[PDB]
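One-letter residues, chain by chain:
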Amino acid sequence: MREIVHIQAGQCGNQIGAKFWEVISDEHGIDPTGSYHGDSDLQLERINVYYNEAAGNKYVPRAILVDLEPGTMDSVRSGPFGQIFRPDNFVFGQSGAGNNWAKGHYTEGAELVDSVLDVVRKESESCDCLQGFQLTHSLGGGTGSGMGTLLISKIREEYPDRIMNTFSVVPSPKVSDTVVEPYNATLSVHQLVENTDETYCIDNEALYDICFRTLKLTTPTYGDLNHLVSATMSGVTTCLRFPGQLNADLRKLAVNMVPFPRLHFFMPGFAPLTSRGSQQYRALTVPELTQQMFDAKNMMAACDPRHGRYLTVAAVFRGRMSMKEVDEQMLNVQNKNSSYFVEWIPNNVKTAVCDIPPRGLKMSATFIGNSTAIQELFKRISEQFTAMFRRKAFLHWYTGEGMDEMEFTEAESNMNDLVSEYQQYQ
Amino acid sequence: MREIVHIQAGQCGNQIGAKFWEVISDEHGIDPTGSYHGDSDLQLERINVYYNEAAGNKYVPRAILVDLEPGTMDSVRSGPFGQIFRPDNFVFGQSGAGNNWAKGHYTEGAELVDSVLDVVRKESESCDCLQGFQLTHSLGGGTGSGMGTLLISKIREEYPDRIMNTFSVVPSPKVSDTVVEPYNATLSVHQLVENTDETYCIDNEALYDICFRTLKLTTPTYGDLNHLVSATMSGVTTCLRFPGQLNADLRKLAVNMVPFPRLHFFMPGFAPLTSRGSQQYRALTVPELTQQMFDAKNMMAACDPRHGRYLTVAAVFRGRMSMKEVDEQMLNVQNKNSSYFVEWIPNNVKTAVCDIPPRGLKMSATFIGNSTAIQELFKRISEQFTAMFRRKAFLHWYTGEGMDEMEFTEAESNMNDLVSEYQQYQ
Amino acid sequence: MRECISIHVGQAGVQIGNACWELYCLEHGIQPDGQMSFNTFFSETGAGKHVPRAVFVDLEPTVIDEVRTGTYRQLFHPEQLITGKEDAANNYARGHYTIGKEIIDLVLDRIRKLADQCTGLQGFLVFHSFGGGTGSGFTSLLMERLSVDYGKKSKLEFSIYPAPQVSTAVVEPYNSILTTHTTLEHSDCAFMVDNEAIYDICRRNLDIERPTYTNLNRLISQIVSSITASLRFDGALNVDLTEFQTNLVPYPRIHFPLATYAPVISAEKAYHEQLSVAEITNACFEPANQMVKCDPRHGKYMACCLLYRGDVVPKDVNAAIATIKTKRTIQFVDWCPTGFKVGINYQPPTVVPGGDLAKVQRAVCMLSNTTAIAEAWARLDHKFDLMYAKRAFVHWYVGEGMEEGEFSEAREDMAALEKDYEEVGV
Amino acid sequence: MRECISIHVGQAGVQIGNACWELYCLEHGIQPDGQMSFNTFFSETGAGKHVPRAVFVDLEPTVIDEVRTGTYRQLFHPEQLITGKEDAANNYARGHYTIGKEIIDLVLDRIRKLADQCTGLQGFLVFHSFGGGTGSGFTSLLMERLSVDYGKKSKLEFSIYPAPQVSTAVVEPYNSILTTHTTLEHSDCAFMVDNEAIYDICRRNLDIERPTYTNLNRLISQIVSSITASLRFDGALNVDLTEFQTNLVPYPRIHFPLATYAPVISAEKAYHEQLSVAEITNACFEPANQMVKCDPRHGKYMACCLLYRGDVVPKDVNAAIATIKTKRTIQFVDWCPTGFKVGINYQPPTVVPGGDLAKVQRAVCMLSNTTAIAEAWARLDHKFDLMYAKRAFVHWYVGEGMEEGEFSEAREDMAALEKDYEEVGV
Ligand SMILES: CC(=O)O[C@H]1C(=O)[C@@]2(C)[C@H]([C@H](OC(=O)c3ccccc3)[C@]3(O)C[C@H](OC(=O)[C@H](O)[C@@H](NC(=O)c4ccccc4)c4ccccc4)C(C)=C1C3(C)C)[C@]1(OC(C)=O)CO[C@@H]1C[C@@H]2O
Ligand SMILES: CC(=O)O[C@H]1C(=O)[C@@]2(C)[C@H]([C@H](OC(=O)c3ccccc3)[C@]3(O)C[C@H](OC(=O)[C@H](O)[C@@H](NC(=O)c4ccccc4)c4ccccc4)C(C)=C1C3(C)C)[C@]1(OC(C)=O)CO[C@@H]1C[C@@H]2O
Ligand SMILES: Nc1nc2c(ncn2[C@@H]2O[C@H](COP(=O)(O)OP(=O)(O)OP(=O)(O)O)[C@@H](O)[C@H]2O)c(=O)[nH]1
Ligand SMILES: Nc1nc2c(ncn2[C@@H]2O[C@H](COP(=O)(O)OP(=O)(O)OP(=O)(O)O)[C@@H](O)[C@H]2O)c(=O)[nH]1
Ligand SMILES: Nc1nc2c(ncn2[C@@H]2O[C@H](COP(=O)(O)OP(=O)(O)O)[C@@H](O)[C@H]2O)c(=O)[nH]1
Ligand SMILES: Nc1nc2c(ncn2[C@@H]2O[C@H](COP(=O)(O)OP(=O)(O)O)[C@@H](O)[C@H]2O)c(=O)[nH]1
Ligand SMILES: [Mg+2]
Ligand SMILES: [Mg+2]
């Protein structure tokens with residue numbers, strides 16, 4: 001039961017997603033030929049959650065690859081795990097998106113979306129029991145932002161009772177990567193607030209910081225950054241695919257992390273995070289892992305958590321460990337740093353546990369924080385957007401596709417309301 | 001229980017500390033790979049006091065290496081035992097200290113100190129029960145003096161109920177090693193008087209004298225001098241790490257050696273101290289060892305003890321010996337030289353005993369004297385400082401970093417008060 | 001796939017195009033024959049050959065006659081190479097009105113035919129000169145026709161600007177203004193250089209004592225290649241022509257990028273040099289290394305795009321950008337904080353044998369819109385006024401269908417543009 | 001790491017620099033090509049080569065032309081080697097005002113670029129002459145510019161003093177005074193020699209009958225190496241450039257060290273000699289072995305630093321220092337009792353093949369500030385007065401932007417300096 005439909009939209013989303021699949025395939029003992037070569041029955045028990053089986057023990061991701069240009073997907077295909085995907089699951093155009101939400105959402109994306117939806121429908125029909133949908137995008141481009149938003153809207157209309165979660169790569173205010181970034185992000189978020197149950201917010205700045213400080217990486221590759229994201233993603237759904245002492249459903253996580261409908265933007269984190277060299281100075285305790293997880297240097301969103309408070313935190317631990325030990329340690333953390341934990345919620349954290357480590361570790365953990373601090377990120381984007389709008393800069397590219405000032409204003413109002421809500425529950 | 005946090009600051013402090021670790025590692029059967037290869041269960045019983053254990057029976061000093069330039073620490077790393085340290089415990093800058101207390105305490109040191117403090121905090125959190133902090137510095141430089149003083153202040157603010165002890169290498173008036181030495185020393189001591197519970201005062205002149213006269217060493221290396229200091233240091237904490245007939249805590253030693261809050265500057269000594277050749281003319285009795293310990297030639301501070309009186313003396317003996325014999329011998333010493341023992345304190349000495357010799361000796365002892373004579377050292381530094389101040393010599397280097405004449409005057413006043421106190425209890 | 005069309009018009013453009021084609025051939029592995037995302041610039045035949053997706057026009061036969069006897073000859077298919085009878089005679093009014101309205105139709109038909117090969121016709125490339133007779137009016141006419149036909153499709157102009165000090169033609173000033181009058185309301189993006197700057201670069205960075213057209217053209221070709229390679233090749237953070245339009249056109253009228261390419265380094269100067277990413281970025285932002293006579297300190301960069309090639313890391317690039325932002329001298333516009341697009345391609349630039357440049361692992365093309373360029377426009381206007389006051393060299397133009405008020409209108413338009421720039425700056 | 005920059009200005013400086021670079025190459029193991037804390041003086045390329053962290057300036061092309069054809073040629077990267085058109089003409093007023101304010105900017109830019117390689121930019125080295133036209137005004141200008149830019153950074157001048165008796169130029173006296181006027185309020189430390197003393201040394205200690213520039217330069221290079229090696233190499237009791245500033249600058253205006261290097265021994269005289277540490281120290285303190293015409297008995301040493309190299313023991317050095325102190329002839333200042341800094345490096349000095357000096361296991365560089373040097377200053381002032389009384393050779397200076405009162409002001413400053421020295425002595 002509880003099978004998940006995977007969608008990658010736009011370049012970022014697609015490349016991250018490739019790595020995600022690679023990771024998970026390795027985890028479940030699936031080789032690039034789609035054959036299983038694992039050593040445990042636990043490895044196949046719940047393989048249904050991500051994969052479909054075909055004749056000759058072939059396994060196929062229930063994955064959809066979407067793009068408005070071919071190059072990215074061609075590269076994916078050429079790649080190592082690219083040949084595992086069912087070829088009819090590549091849905092793509094040829095006309096470019098110009099980092100333009102309007103092209104993705106209104107015009108070129110509108111032309112392709114129905115074909116995507118049909119494939120989605122088939123996958124849904126092939127499910128014993130559909131749990132939900134996982135999307136990968138950027139916030140700042142045209143495809144992931146415009147097309148991605150579009151797709152989510154249509155899927156929620158069709159499956160309004162199912163879980164909708166996104167791993168969304170967001171702008172980092174100190175190092176912008178595109179000129180229209182604020183426009184694309186604000187337009188996207190305006191619709192993500194309404195049409196997703198959870199969004200995991202990653203900013204590349206934070207990843208770079210992680211790479212430099214802890215992993216001792218002078219030269220991060222996008223591949224390595226994607227690996228980090230992939231690990232988080234895998235961690236999130238471990239308890240759907242494996243046993244445990246205390247188990248976590250996706251829906252249960254949402255319930256534990258969402259006190260109000262709108263506040264579902266999470267900062268993910270991971271542990272352990274060290275170099276090949278700074279590991280022998282450490283032992284692997286639950287305490288150690290928790291310390292790592294609550295270290296600002298191990299956050300993947302662009303905030304100091306101390307510039308705010310955690311409303312709710314979910315930790316998912318993997319490996320054999322004492323529940324007593326874990327709970328006690330978390331209680332100690334709560335006691336000693338009580339000011340960073342909103343007082344409305346007794347037992348500020350949720351813990352989940354999986355009786356199964358990821359290959360080559362004894363223990364691991366993945367962290368999901370919902371903090372009032374993340375308002376700062378929203379503020380920065382709103383300010384950036386606002387200045388450009390004040391001068392109607394770059395606007396002709398969007399007005400030419402039918403978009404109107406009022407819509408833009410609405411988006412800004414939404415953003416401001418979001419931040420106000422965070423302020424209220426500071 | 002009773003675990004100790006080790007800090008080395010400045011060049012002197014760092015190089016001495018390396019040797020200290022080397023000595024102690026040998027003592028506890030820890031090889032340069034961080035593995036234990038000892039022959040006794042006593043060797044590991046209290047290894048916690050200096051070391052943390054990691055996966056794969058790796059042991060790691062709870063040690064922090066601090067410097068404002070990289071060279072010294074790089075050399076440490078390159079050295080034999082350098083690879084035992086956890087790499088994240090090296091905290092260092094690149095901008096030099098110019099033998100300038102102001103650079104260490106106010107400016108360049110201020111930039112680095114918070115990062116050091118965070119590591120200190122982690123070590124504290126990793127302790128079952130923190131006993132105290134051990135620091136190694138020079139008095140006459142910029143890093144050990146300025147940065148070192150700074151660090152101590154911050155740690156006492158955070159851990160005001162814990163033991164703070166320093167091994168501080170001080171100037172020798174007959175052979176100054178730097179031009180601003182008096183400035184650096186006086187500025188340091190001004191803060192050490194207030195923020196340390198005990199300071200072991202070593203001057204290189206005395207060490208050289210030891211080397212020449214007793215060890216028959218024509219050519220002392222800094223390594224050998226550091227060894228001597230290291231042996232004292234090891235001796236001081238032996239009874240925290242091992243069994244005994246009558247045992248000594250660090251706190252207990254402080255209580256026994258400190259009649260008034262300010263008077264905590266000790267002259268360390270050691271026994272046996274002979275050559276490879278002048279040993280076969282000797283046997284190893286408690287009497288012999290005591291004779292050695294009270295020989296002026298075996299003192300490591302720049303004083304004639306006969307130019308004053310001992311307020312209190314602590315002797316720590318290692319090896320199997322009759323308590324009766326020891327006590328009797330010390331009583332005889334007291335009787336025969338009663339003029340050098342202040343009459344306020346019956347039983348002028350404390351004895352401690354460890355039922356465990358240091359490798360390759362049957363018996364050893366370490367001596368801690370608190371003498372009114374040491375006032376002379378303070379006098380010499382005060383005079384040296386004073387003359388230069390009279391002409392405001394070298395002062396622009398310090399005033400340029402914000403320091404003021406009044407502070408300097410205060411320092412001098414403190415020094416003079418110290419000496420007056422010693423005079424009072426002569 | 002995403003695929004392109006090339007147009008080279010006027011002598012200068014044709015010359016540039018030759019070099020460009022050579023470069024392309026060297027890169028993708030194509031011979032002089034056609035023997036061996038390569039299809040953006042090369043359509044395949046039945047076998048062996050590949051045909052440059054190109055068009056070559058000049059009213060002087062002698063230019064294209066040269067092409068037809070050179071080594072690069074049977075690469076081209078004679079359908080493309082069009083020739084006239086009598087040349088444009090450095091006269092817009094012959095290029096647009098008289099001889100233009102005759103052979104333009106043929107060229108249009110050819111273009112249409114070529115398009116009917118492109119499934120994904122991304123757009124065009126036009127190479128000309130604000131300064132040739134052919135390139136000033138004919139180009140404009142062609143642009144107009146293209147707009148009439150397609151409209152939505154992507155259009156680029158590589159425009160050789162009039163160098164403020166150095167004259168070539170006598171009526172360079174009129175021609176340029178006329179071109180501006182007509183091209184401005186069609187071509188969404190124009191990438192511009194001048195020769196003076198290139199000469200300067202050759203003198204200083206390459207140590208070349210003889211400024212000539214071939215080497216200069218090669219430089220431009222390199223830039224072109226850099227611009228393209230995002231379509232032509234793989235890489236994280238890819239780019240589309242439409243993305244440039246979106247990114248570098250804040251207001252629809254202001255669309256005149258400058259260009260620059262670093263490193264510009266000889267055989268010797270490559271050694272005695274590391275060539276880091278940050279260094280390269282710094283070089284790109286240097287006042288002298290710009291490819292036009294325009295001090296970037298005399299204004300503000302509105303929107304900037306940077307197209308890094310070969311061995312590059314994103315984090316490094318980000319760091320470099322941060323550093324640049326930190327520099328207070330290089331001013332940006334108040335209202336656009338996010339004024340960077342990052343483009344990264346795993347293909348490194350490859351240089352043509354018997355040329356200026358040496359091998360460089362990493363390079364950048366930087367494309368920027370500024371308030372500072374307005375000075376050049378002003379200068380041009382002044383020049384136009386000075387010679388329009390006398391009304392000299394007007395009897396060439398009047399004869400081939402012209403009016404006096406047209407010039408005035410053009411001047412007014414220029415003034416308006418200047419005003420707009422000023423407003424933007426404010 | 002702690003890293004440095006080298007500047008060699010004027011013919012003399014350039015010549016010195018050549019020798020220095022050769023010495024460095026011989027020491028660290030670098031070829032004429034660049035093939036093989038080494039990074040204080042050599043930045044690495046992509047591969048193979050190493051680039052001297054250097055700058056070479058002279059307005060005479062002929063000096064640097066020589067460099068550009070010598071064996072040491074492709075070691076240097078031609079970015080560094082700058083040349084002028086017309087020389088300084090032994091005229092401060094051309095070096096500072098006229099031709100100085102033209103190419104200085106370029107040099108500054110180069111320096112900035114070089115700095116942008118240094119993570120830990122310790123400081124600079126400037127080699128010139130109180131006596132060249134280039135080296136008197138241009139140097140000053142450069143210093144001023146550096147002060148304006150950095151200020152906090154460490155700055156050194158190696159200054160070839162005018163020999164009291166032996167003339168070279170006709171207007172050596174004016175130039176020197178002008179330099180003093182401007183450099184004095186910027187450069188924190190200046191290390192000085194004269195040629196006469198060096199010649200004397202060559203005659204007596206080395207038995208060399210022919211005084212020439214190459215061998216002389218080599219001596220200076222050795223001194224430079226000795227000064228540096230604390231940064232360049234390991235050793236107990238290490239030294240920083242900032243330490244020199246702290247140690248050898250009592251009052252901010254008085255900062256003119258003398259230098260000396262012992263042993264200065266030929267091939268024969270090395271035998272019939274032991275070369276002990278104490279002996280070497282004694283030699284260093286000898287009246288004749290000083291590198292300037294200044295009797296150290298005619299005043300008092302304020303602050304002294306001694307940089308021992310190779311096989312050395314600290315105790316021995318201390319003993320030597322004690323002995324020196326005991327000697328009643330060698331006077332010290334009343335108010336500074338601690339007037340020694342000890343520097344010890346395990347690297348022994350290595351001498352250039354085809355040169356003056358032989359192998360010596362132990363050597364010293366001694367850097368001292370005294371009241372005795374004032375005599376030289378007085379002599380210089382007298383000289384200036386004698387020729388300013390006539391106002392001869394003034395028509396060179398007036399023409400390139402000068403005033404009569406400037407000279408008077410300079411004289412006043414000199415007088416003030418003399419007075420200060422006298423006060424210090426008292
Ligand atoms: C000798 C040893 O123990 O090596 C470790 C190791 O040194 C460290 C540093 C690993 C290493 O990870 C990285 O260096 C890294 C690189 C890019 C992106 C992210 C991380 C390791 O490469 C990663 C590798 O991770 C796994 O094997 C997990 O199963 C992990 N797998 C992958 O990400 C993966 C990589 C390539 C191909 C297929 C899968 C995983 C994590 C979560 C969910 C699923 C899988 C491990 C433990 C190690 C190495 C090998 C050095 C660390 O990472 C992980 C994900 O475990 C980095 O910090 C942790 C701590 C580990 O101790
Ligand atoms: C044949 C024999 O008995 O040799 C002795 C010896 O001859 C003498 C002279 C040793 C020797 O010590 C020295 O010569 C020395 C050198 C540098 C600095 C200080 C001392 C000895 O080297 C030192 C060595 O010391 C130890 O083994 C202790 O455990 C000591 N260890 C170290 O300092 C150490 C050295 C190298 C590597 C690792 C550790 C120790 C002392 C206190 C706390 C912990 C450890 C001993 C007894 C000897 C020799 C070997 C000759 C003496 O020193 C010590 C520390 O015991 C010097 O005076 C004593 C008296 C000893 O009898
Ligand atoms: N880069 C480059 N620029 C050129 C070249 N030839 C001419 N130009 C520039 O182009 C302008 C003159 O226009 P041309 O292209 O020669 O004229 P044309 O387009 O052939 O038009 P007509 O000759 O008048 O029919 C001037 O600004 C020249 O500097 C060349 O070979 N390379
Ligand atoms: N040690 C050393 N000193 C030199 C050398 N050449 C000149 N000097 C000294 O430098 C002073 C003359 O200055 P130069 O450096 O020759 O003059 P310059 O800096 O080249 O300036 P101009 O030639 O006037 O442009 C005199 O005091 C010389 O003794 C040399 O090769 N070695
Ligand atoms: N982690 C990661 N981020 C990316 C990658 N490619 C682009 N991005 C980020 O995604 C944003 C740009 O959107 P992008 O997906 O390229 O535009 P699209 O192709 O129109 O959807 C920027 O913030 C980039 O830093 C990638 O491969 N990995
Ligand atoms: N025992 C010992 N003393 C040292 C060593 N290095 C320096 N000293 C002494 O420390 C004092 C100088 O301070 P130093 O630590 O070098 O300056 P810093 O590096 O700025 O802290 C002088 O009294 C030196 O004799 C060493 O390696 N061992
Ligand atoms: Mg032509
Ligand atoms: Mg000269």
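Residues numbered from 1 in each chain as written, not as in the entry; some residues may be left out. Chains lettered and ligands numbered in written order. Part of a larger assembly, values for the part shown. Heavy atoms only, no water. Residues with missing side-chain atoms left out of burial classes, pairs and counts.

- Method of determination, as annotated in the archive: cryo-EM, at 3.5 Å resolution.

- As recorded in the PDB entry, chain C goes by Tubulin alpha chain and comes from Sus scrofa.
- The title field of the PDB entry reads "High-resolution cryo-EM reconstruction of Taxol-stabilized microtubule".
- Of chain C, the UniProt comment under Catalytic activity (unreviewed entry) reads exactly: "GTP + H2O = GDP + phosphate + H(+)".
- Reading the Sequence similarities (unreviewed entry) entry of the UniProt record for chain C gives the comment "Belongs to the tubulin family." (UniProt positions renumbered as here; feature names shortened; annotations may be inferred.)

- If you look chain A up in the PDB entry, it shows as Tubulin beta chain from Sus scrofa.
- Under the UniProt heading Cofactor, the entry covering chain A gives this text: "Mg(2+)".
- Regarding chain A, the relevant UniProt record gives this comment under Sequence similarities: "Belongs to the tubulin family."

## Quick look at the domain arrangement of chain C
All names here are of chain C.
Then, in step 1: Under the domain assignment used here, chain C contains domain 1 (1-257), domain 2 (258-372) and domain 3 (373-426).
Then, in step 2: With centres defined by C-alpha atoms, the gap from domain 2 to domain 3 works out at 33 Å.
Then, in step 3: Between domain 2 and domain 3, the residue contacts involve twelve residues of the former and six residues of the latter.
Then, in step 4: With both chains or domains summed, domain 2 and domain 3 bury close to 760 Å², and 53% of this area falls on carbon and sulfur atoms. (Domains from an automatic or database assignment. Contact = heavy atoms within 4.5 Å. Buried area = accessible area lost by both parts, 1.4 Å probe.)

## Digging into the interface of chain A and chain B
Then, in step 1: With nine residues of chain A at the contact, the number on the chain B side is 13 residues.
Then, in step 2: Ranking the residues of chain A by area buried against chain B places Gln280(A), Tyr281(A) and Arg282(A) at the top, with a combined share of 61%.
Then, in step 3: Counting every contact that joins chain A to chain B gives three salt bridges.
Then, in step 4: Where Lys216(A) meets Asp88(B), a salt bridge forms, and the shortest distance between an N and an O atom there is 3.8 Å.
Then, in step 5: Linking chain A with chain B are four residue pairs in polar contact.
Then, in step 6: Class assignment for the residues of the side of chain A that touches chain B results in two nonpolar, three polar and four charged. (Salt bridge = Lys/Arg side-chain N within 4 Å of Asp/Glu carboxyl O. Polar contact = N/O pair within 3.5 Å; in protein donor to acceptor, adjacent residues only side chain to side chain. Nonpolar A, V, L, I, M, F, W, Y, C, P; charged D, E, K, R; others polar.)

## Here's the deal with the interface of chain A and chain C
Then, in step 1: Taken together, the contacts link 41 residues of chain A with 41 residues of chain C.
Then, in step 2: Between chain A and chain C lies a buried interface of about 3500 Å² when both sides are counted; carbon and sulfur atoms form 55% of it.
Then, in step 3: Counting every contact that joins chain A to chain C gives one salt bridge.
Then, in step 4: Notably, a salt bridge pairs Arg2(C) with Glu69(A), separated by 2.6 Å at the nearest N-O pair.
Then, in step 5: Where chain A touches chain C, the interface holds 19 residue pairs in polar contact.

## Quick word on the site of ligand 3
Residue and element names in this part refer to chain C.
Then, in step 1: In the neighbourhood of ligand 3, 22 residues make up the surrounding shell, with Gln11, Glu60, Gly132, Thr134 and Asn217 lying closest.
Then, in step 2: The backbone of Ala88 places a nitrogen or oxygen atom 3.3 Å from an oxygen atom of ligand 3.
Then, in step 3: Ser129 places a polar side-chain atom, nitrogen or oxygen, 3.0 Å from an oxygen atom of ligand 3.
Then, in step 4: Taking 650 Å² as the accessible area of ligand 3 by itself, protein coverage stands at 91%.
Then, in step 5: Along the lines of polarity and charge, the residues of the shell around ligand 3 split into seven nonpolar, 13 polar and two charged. (Near = heavy atom within 4 Å. Areas by Shrake-Rupley, 256 points an atom, 1.4 Å probe, with all protein chains shown as cover.)

## Some points on the packing of aromatic side chains
Each aromatic ring pair is specified by the distance between its two centres and by the angle formed by the two planes.
Then, in step 1: Tallying each qualifying case throughout the model produces 86 aromatic pairs over all chains.
Then, in step 2: Measuring from ring centre to ring centre gives 6.0 Å for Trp21(C) and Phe41(C), while their planes differ by 75°; the resulting arrangement is edge-to-face. One exposure class covers both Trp21(C) and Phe41(C), and it is buried.
Then, in step 3: With 5.7 Å between their ring centres and 50° between their planes, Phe158(D) and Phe191(D) make a pair best called tilted. Pair noted here: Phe158(D) is in strand β7 (residues 156-160) and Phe191(D) is in strand β8 (residues 189-193), with a separation of 33 residues, a long-range link.
Then, in step 4: A relative accessible area of 3% places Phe191(D) in the buried class.
Then, in step 5: If you follow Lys392(A) out to its NZ or CZ, it ends over the ring of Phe389(A), 5.6 Å from the centre. (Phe/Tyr/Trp six-rings, centres within 6.5 Å; stacked < 30°, edge-to-face > 60°. Buried < 20%, exposed > 50% of the residue type's maximum accessible area, 1.4 Å probe, protein only. Helix = DSSP H or I, 4+ residues; strand = E, 2+ residues; numbered from the N terminus. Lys NZ or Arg CZ within 6 Å of the ring centre and 35° of its normal.)

## Quick notes on the sheet that holds β8(D)
Residue and element names in this part refer to chain D.
Then, in step 1: Reading across the sheet, the six strands line up as β5-β4-β1-β6-β7-β8 and stay open at both edges, with parallel pairing between neighbours. At either margin of the open sheet sits one strand with a lone partner, and together these are β5 (81-83) and β8. Across the sheet, the axes of successive neighbouring strands diverge by a mean angle of 15°, strand direction being ignored.
Then, in step 2: Running at roughly 170° to strand β4 (residues 54-58), helix α4 (residues 100-115) makes contact with β1 (2-9), β4, β5 and β6 (120-127) of the sheet.
Then, in step 3: Against the sheet, helix α5 (residues 133-149) makes contact with β1, β4, β6 and β7, and its axis sits at roughly 150° relative to β1, the strand it touches most. (Pairing = 2+ DSSP bridges. Axes fitted to C-alpha atoms, helices over the stretch in contact; angles between N-to-C directions.)

## Some details on the pattern of salt bridges
Opposite charge on two side chains permits them to pair, given that their charged atoms come into close proximity.
Then, in step 1: Applying the stated criterion across every chain yields a total of 74 salt bridges over all chains.
Then, in step 2: Across the pair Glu22(B) and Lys19(B) runs a salt bridge, and its minimum N-O distance is 3.4 Å. Highlighted residues: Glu22(B) and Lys19(B), both in helix α1 (residues 11-27), separated by three residues, approximately one helical turn.
Then, in step 3: With a shortest N-O distance of 2.8 Å, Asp295(C) and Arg297(C) are connected by a salt bridge.
Then, in step 4: Of the residues examined, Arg297(C) reaches a relative accessible area of 57% and is grouped as exposed.
Then, in step 5: Salt bridges sharing partners connect three or more residues here, namely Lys216(A), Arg282(A), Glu288(A) and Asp88(B).

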